[PDB]
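A.B. asks: Sharing an experimental structure here, sequence included.
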Amino acid sequence: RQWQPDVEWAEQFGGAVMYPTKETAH
Amino acid sequence: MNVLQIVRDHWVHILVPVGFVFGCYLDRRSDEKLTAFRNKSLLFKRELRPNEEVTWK
Amino acid sequence: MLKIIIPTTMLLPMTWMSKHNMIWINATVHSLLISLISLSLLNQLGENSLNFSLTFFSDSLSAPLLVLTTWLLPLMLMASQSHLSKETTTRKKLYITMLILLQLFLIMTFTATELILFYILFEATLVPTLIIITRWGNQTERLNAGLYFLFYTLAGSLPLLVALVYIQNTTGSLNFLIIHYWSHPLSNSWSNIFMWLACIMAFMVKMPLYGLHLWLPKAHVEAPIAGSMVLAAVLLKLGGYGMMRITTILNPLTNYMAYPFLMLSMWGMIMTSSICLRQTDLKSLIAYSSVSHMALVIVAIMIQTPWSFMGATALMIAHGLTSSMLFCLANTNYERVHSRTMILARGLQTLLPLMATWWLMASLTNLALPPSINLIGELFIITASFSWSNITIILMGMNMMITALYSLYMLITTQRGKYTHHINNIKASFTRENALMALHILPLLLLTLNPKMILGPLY
Amino acid sequence: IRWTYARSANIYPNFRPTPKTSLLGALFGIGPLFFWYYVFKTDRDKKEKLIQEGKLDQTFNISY
Amino acid sequence: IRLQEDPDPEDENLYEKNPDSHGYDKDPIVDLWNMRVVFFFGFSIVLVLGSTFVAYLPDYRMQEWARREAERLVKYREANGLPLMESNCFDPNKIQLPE
Amino acid sequence: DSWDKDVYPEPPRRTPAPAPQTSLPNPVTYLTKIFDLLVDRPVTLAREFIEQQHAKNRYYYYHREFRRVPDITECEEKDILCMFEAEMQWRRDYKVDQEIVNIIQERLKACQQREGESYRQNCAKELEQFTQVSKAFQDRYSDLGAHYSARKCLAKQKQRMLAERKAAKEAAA
Amino acid sequence: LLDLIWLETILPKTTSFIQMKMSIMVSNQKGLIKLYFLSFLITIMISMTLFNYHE
Amino acid sequence: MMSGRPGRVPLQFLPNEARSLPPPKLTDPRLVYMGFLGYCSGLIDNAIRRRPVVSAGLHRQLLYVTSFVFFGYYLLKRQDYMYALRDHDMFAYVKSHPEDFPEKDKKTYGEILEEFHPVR
Amino acid sequence: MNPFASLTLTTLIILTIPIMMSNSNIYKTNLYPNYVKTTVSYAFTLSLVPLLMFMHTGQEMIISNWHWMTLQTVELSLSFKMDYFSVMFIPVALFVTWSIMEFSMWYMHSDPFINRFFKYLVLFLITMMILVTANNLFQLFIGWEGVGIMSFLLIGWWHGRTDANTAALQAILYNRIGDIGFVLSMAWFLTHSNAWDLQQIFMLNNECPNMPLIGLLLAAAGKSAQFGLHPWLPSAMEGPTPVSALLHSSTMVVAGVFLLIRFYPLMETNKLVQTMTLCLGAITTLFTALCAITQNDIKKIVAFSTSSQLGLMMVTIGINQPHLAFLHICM
Amino acid sequence: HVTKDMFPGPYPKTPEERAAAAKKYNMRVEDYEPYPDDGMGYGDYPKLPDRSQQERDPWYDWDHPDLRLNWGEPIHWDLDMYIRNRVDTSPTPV
Amino acid sequence: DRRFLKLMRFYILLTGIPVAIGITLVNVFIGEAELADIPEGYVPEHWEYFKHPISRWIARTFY
Ligand SMILES: CCCCCCCCCCCCCCCCCC(=O)OC[C@H](COP(=O)(O)OCCN)OC(=O)CCCCCCCCCCCCCCCCC
């Protein structure tokens, strides 16, 4: 079974930006 | 024997052979466009055979 | 070359419409006839390169590599249906399509006449390899593998494109025959130095040179087996082939800037070899060994000696065969154990005697046991380097030494020991893999018998 | 797998460029660089000043 | 665990159903036929016949022509006493030397 | 035979005739006779069979003639046709010269083996011949690089001619 | 020390970190119209004569 | 390069003069490849609509290749005319300006002083 | 042109036959050890005769039977030399093998894969022949590393023995170090002398082969277990006793000194190489004999005696005693 | 099969991190000596001091008798370095 | 293991022995070539200047 993306892999870029900083905030 | 199924199963095979024949046909039909120096290079510049009116096809 | 191009292109519809069971058989057999047809291309005129048409030509350097690719194509097909058995028919057909497109691009690359067309197909090999590495990969950093590989290749590729178009504007044509026959001396201008760097660094990235070689331990280690062997065996040879083509218009400057990179390889081949010794994974060890062999080929290229070129070409062919075989053996053992650390499954020489042999002469050819083409290709480069500079020998003399160490070390630590008791999934050797290593090994000794063919255009 | 991940994955994320780390990098990765370049260049130029002055053996060196 | 996932399938060996498995695919008949096609084409007509081909090309690099002209001009030059080769590959007389 | 003494010199074959005066007769004699009887005679008669079979149909072949073409020195600057002619002519001349030095090397190795321990005494005649062959081969073809061409050979030749002309001019006033 | 530490830090990771760091400062604008048009304003005379694109 | 050439009439594919040039052959590899793009467009069209991509809608695929070839012919004729115009304007300007196109007093390699670099 | 050349070649082809039969499976695996015994004895009988007409007349020919490569100046060819060294080494060598592996066929009687063992002695003897009957340094190199990896496999015959594999690797590493000088010698001869056969090298009268002579000394030191690279023979002792009685006994430990006396026409030029050989041989004799003085075993003791013998062997080559040394290799 | 906790993490700082790495490496808090934090890597990995695989008990029922290795036991950073075949750390009488 | 090696040897020798007998037949029945000058006008075909009958034929067919 090859690695297929899971939930935690999906959330790594799912929201605001995938390069979060304090400027991203909320 | 169901020969129609035999051909339906074995018609995968013919593609590469007909492609080979077509490729040979084409690169044969790729030298007649470059006859600009037939029997014109001084090394092979020989006479034209009485029965064979060209040096190469 | 369309007697080899047209059948390769028409091979795509056969797989793309074949039945759910006939794709593997049909692709394997028809790729075998394609390799048979390309076996003709070993017909070489004395000194004139065989110019089939304006856009296609071949000589004693491109033809052996082309034959290598065409003969290789059935080998990925035979090595893939083990890890590709449980897949949808359409997905399998596309995997096959990626392989055929890869081989087609390699054929057009090796038979290209203009340097720009060579660049187009040379880089265009990236896309099918990218798909193979990324989608069908099984490990974690495969996604990272694709990024590393693509970006490392392109970072050198684009400056090469700029240099090639500038050459076209200045010289007049990028045709190999013109740039060789109408070659002109290169002045030691710094703009010319940067032009040389642009024309060199792309191939040296794909060589790879030491330092900027990180894409292989992070790409070959991760790709599916078919991708791994097509990468190591031929895609590494792309840079060497391109350099052999391009050094015609890169002299006499090369020597002055040959000093940094040459030793960068010469010293690098040591470290990589040392890195091979303290490895944990089989595939990484083979990748680093490939880096060292390709660095030796780099040295051969930058010597620019006839003997160096012949030894270079022989080493490319032999290394392609040996690396493909070693990767296949590593895949067999890994699949039997579903892990890749070379400590989990040791002492399998007794269990699999034929694998024990296949590993034995795989290592021997990797160790360059004479009179194999690996050894003669290595030794020609060693003699050329010694003629160029004597001290090289000790560094050279170190390499196979360390190489020999690891060349046997994995064999000691994977088959020459005691089996692990808790594992039991090691079954009888499926004759598929044994046959595959046969089609790997017998051509190697056959070319050893008559090395005048793989000797290159300088012979 | 703990050993393999430690010796394959953790090495860079746990790496901090301490002065000692940069020192070791300079001494190993780029240190012997100038050494090898110097020795090779010295032999190359020393021999070069032997061919074009004629002070070397060339009788049976028609292969190189 | 927030992810409906099937259990990892077991590593299925080919020998459990037909012992005669060649490690190609599930169905024994097509597995065997792929055996026949590979062991035919890889070895018989490519490895063996291809080896006869490569062992028996026509004149390669004109090396035989090179020898059969070489001993001819050795006969000529050695018989007439002329040096068997000239230090210049091109006639110096036809070459206009600068200044 | 298949090679002239002009193309491959061979010292005259002279063999002594020992007289085994001792009552003990040398065994190597009986070895030569039995080897002649049960090995040499059958291979010779099988050879006669296949040689008459060969002579039944002997197809013919000849040497490949090569009409000479104008040299690179005569070839104009950047004229691709005559450039190709001269380059191929020079490449085949390089091949023939490589075979020349190969022939000389074979001849002189043969000389060494004929003269045996006296190779130093009885090979200098061909030793100097191979010496001059290699010495002039170096200034005729060597140091041309992997991409050696007719133009590069002409450039090296020209450089040698300017060097010798200048040296002879300055030395001899 | 060389391959997995210094070779990663010397070329791939440094460039990746540079792009990562400064793409953030490029793409984190507050989106307000006032500051966007203020930047347009400043670019106006910067291109006008500060760089002397006119002459 | 040619948008300002005298005599150009706007918004018309072939400016009448182009008929004096040999029309591109129907066999032309560029033309048939553009026909291949017509076949491919049919394959995506069936695939994009969840159809039997090879057998579905033979008329739709047949229309696709026919349409591509027609526009392929006119594009090729237009393509060749511009390249012909480029050569025409070139040589005419070459002849009209002999001073800016000097001729070279041809000499052979025997008199060219080409320096030789010893490859050591 | 008389039988000499013909039967001298049969003297190797006939013993190449058994491996072909073994790989073809036509051989009877049961009595195959007897098959190799009988092949080797027949080889010995065929081998006395070359000694016979070498003794009657002194015939010494060289055969360039097959031409392999022609790199525009180096006509590489599969060639052989019949001279006193090879001509008289072949019979004693095959006799020694025919003795010790029959001793094995008795002693070696419990390993299930006895067939592969008896094959292995054969392969070692095949690479030994084209090592000793070499006509170019490339054939010598082929034999040089063939005996190397062959002893590698044979030492680790009990591949389940970790110490055996360690000993094999240590043995291998040492002649890997040694062959660096071999490669240096071939490179120098091909560059400076433009020669790769013994005839052309000795004929060329290269009276300044300083670095080539040092390289040959290093290669011989590696192969003959001289100082710095001696202790791989005691490690090699880990293998089977018949392995020790053929390879390690006096065959492949004298391969280096065989390379030395093969190159003796050029050896006499650089006296410093003679002196260095004197050093290496004398100190090897002392060290290995001294080790064997207090050692407590039977196998490694005879190993140290062996290495002392190789020391004093090429000591004599140090005083230019080539044929005396090659007589002593027989004892 | 194996989640995050087994995967080696960063260098432990607090004694709680030390204990966490201790049972991550199936071993007690005393046996756990984290590698000296110097930027070279490892970090959470436990230091096994020097001894090679030739100093283990040759009579113990080791789960991996080839290197005398016990199931699940922690193994050295230089385990391939200090192995029966390679260099030894066993004492020498002289 | 043995089925694999049997398949290798079977499918190698299957066409190995016909070519093996054929090359000997054409070597000892068909014959060998000999060298002379041109017959003052005879135009040599592309496969004429060749030694082995197999070489001459293979040049005749695809060359
Ligand atoms: C020249 C024209 C070529 C194309 C047309 C002719 C095709 C046949 C060529 C000759 C084949 C000889 C041997 C035939 C064995 C037939 C065995 C068989 O019937 O297998 C069928 C089977 C697939 O299933 P099915 O078809 O339904 O039959 C079983 C139903 N229970 O199981 C299978 O595995 C299918 C059959 C095995 C695959 C055979 C190989 C196909 C390709 C062979 C030629 C390759 C080279 C082509 C070019 C030659 C010239 C250069």
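C.D. replies: Everything's here; your move. Numbering: from 1, shown residues only, chains lettered A, B, ... in the order given.
A.B. asks: Up against chain J, what does chain D have?
C.D. replies: D:1-3, D:5-7, D:9-18, D:20-21 (C-beta under 8 Å from any C-beta of the partner chain). Using the backbone N, CA and C atoms, a C-beta is placed for each residue, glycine as well.
A.B. asks: Just the buried residues out of the residues you listed, in PyMOL syntax.
C.D. replies: A single PyMOL command selects the buried members of the residues of chain D next to chain J (16 or more other C-beta atoms under 10 Å in any protein chain shown):
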select buried, chain D and resi 2+3+5+6+7+9+10+11+14+15+21
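A.B. asks: Return the subset of the residues of chain D next to chain J lying in helices.
C.D. replies: Counting by DSSP state H, the part of the residues of chain D next to chain J found in helices is D:2, D:3, D:5, D:6, D:7, D:20, D:21.
A.B. asks: so which two of the residues you listed are the farthest from each other?
C.D. replies: D:2 and D:20 (25.9 Å; C-beta to C-beta).
A.B. asks: Which one of the ones in helices among the residues of chain D next to chain J is nearest to chain G?
C.D. replies: Distance to chain G, by C-beta to the nearest C-beta, is smallest for residue D:21 among these, at 7.2 Å.
A.B. asks: list the contacts for that closest one?
C.D. replies: By C-beta atoms under 8 Å, 6 or more residues apart in numbering or on different chains, residue D:21 lies in contact with D:15, G:1, G:5, J:38, J:39, J:40.
A.B. asks: Report the buried members of these.
C.D. replies: Buried among the contacts of residue D:21 by 16+ other C-beta under 10 Å: D:15, G:1, G:5, J:39, J:40.
A.B. asks: quick revisit: between the ones in helices among the residues of chain D next to chain J, which is nearest the ligand?
C.D. replies: Distance to the ligand, by C-beta to the nearest ligand atom, is smallest for residue D:5 among these, at 45.0 Å.
A.B. asks: roughly how far apart are that closest one and residue J:2?
C.D. replies: 9 Å (C-beta to C-beta, to the nearest Å).
A.B. asks: same deal with residue C:358?
C.D. replies: Distance from residue C:358 to residue J:2, by C-beta to C-beta: 32 Å.
A.B. asks: again with residue C:11
C.D. replies: Residue C:11 sits 43 Å away from residue J:2, taking C-beta to C-beta as the criterion.
A.B. asks: Look at these two and report which has more neighbours.
C.D. replies: More crowded of residue C:11 and residue J:2, by other C-beta atoms under 10 Å in any protein chain shown: residue C:11, with 26 against 9.
A.B. asks: Surely that one touches residue C:27?
C.D. replies: Yes: counting by C-beta atoms under 8 Å, residue C:11 does reach residue C:27; the two are 7.2 Å apart.
A.B. asks: shared neighbours, those two?
C.D. replies: Joint contacts of residue C:11 and residue C:27 (C-beta under 8 Å, 6+ apart) are residue C:100.
A.B. asks: and the longest helix along chain F with chain I, contact?
C.D. replies: Under DSSP H, the helix in chain F containing the largest number of residues is helix F:80-115. Yes: counting by C-beta under 8 Å from any C-beta, chain I has neighbours in helix F:80-115: F:95, F:98, F:101, F:102, F:105, F:106, F:108, F:109, F:111, F:112, F:113.
A.B. asks: can you tell me which two in those residues are farthest apart?
C.D. replies: By the measure C-beta to C-beta, F:95 and F:113 form the most distant pair in these, at 27.0 Å.
A.B. asks: Give the residue from these two that has the larger number of neighbours.
C.D. replies: Shown here are residue F:95 and residue F:113; by other C-beta under 10 Å, residue F:95 has more neighbours (21 against 16).
A.B. asks: Give me the contacts around stretch C:92-100.
C.D. replies: With C-beta under 8 Å, 6+ apart, stretch C:92-100 has contacts from C:8, C:11-12, C:15-16, C:18, C:23-24, C:27, C:73, C:76-77, C:80, C:84, C:87, C:128, C:131-132, C:136, C:226, C:230.
A.B. asks: how far away is the residue nearest the centre of chain K from residue E:49?
C.D. replies: Centroid check for chain K by C-alpha atoms, centre = their mean gives residue K:54 as the closest residue, at 2.6 Å. Distance of residue K:54 to residue E:49, computed by C-beta to C-beta: 12 Å.
A.B. asks: Enumerate every residue touching the residue most central in space within chain E.
C.D. replies: The residue lying closest to the centre of chain E (C-alpha atoms, centre = their mean) is residue E:54, at 7.1 Å. Going by C-beta under 8 Å, 6+ apart, residue E:54 touches C:39, C:42, C:446, C:450, C:453.
A.B. asks: Is it correct that the first one is in contact with residue E:51?
C.D. replies: Spelled out, it's residue C:39. No: contact between residue C:39 and residue E:51 fails when scored by C-beta under 8 Å: they sit 9.7 Å apart.
A.B. asks: Not counting its neighbours along the chain, what's nearest residue B:54?
C.D. replies: residue B:38 (6.5 Å; C-beta to C-beta, 6 or more residues apart in numbering or on different chains).
A.B. asks: Surely that neighbour is within a helix?
C.D. replies: No: with DSSP: H, G, I helix; E, B strand; the rest coil as the criterion, residue B:38 is coil rather than part of a helix.
A.B. asks: burial of it, as a residue count?
C.D. replies: If you count neighbours by other C-beta under 10 Å, residue B:38 ends up with 15.
A.B. asks: how close does it get to chain C?
C.D. replies: 15 Å (C-beta to the nearest C-beta, to the nearest Å).
A.B. asks: ok, now residue I:125?
C.D. replies: Taking C-beta to the nearest C-beta, one finds residue I:125 at 18 Å from chain C.
A.B. asks: What number of residues are in the vicinity of that residue?
C.D. replies: The number of residues near residue I:125, taken as other C-beta under 10 Å, comes to 28.
A.B. asks: Done for today, thanks.
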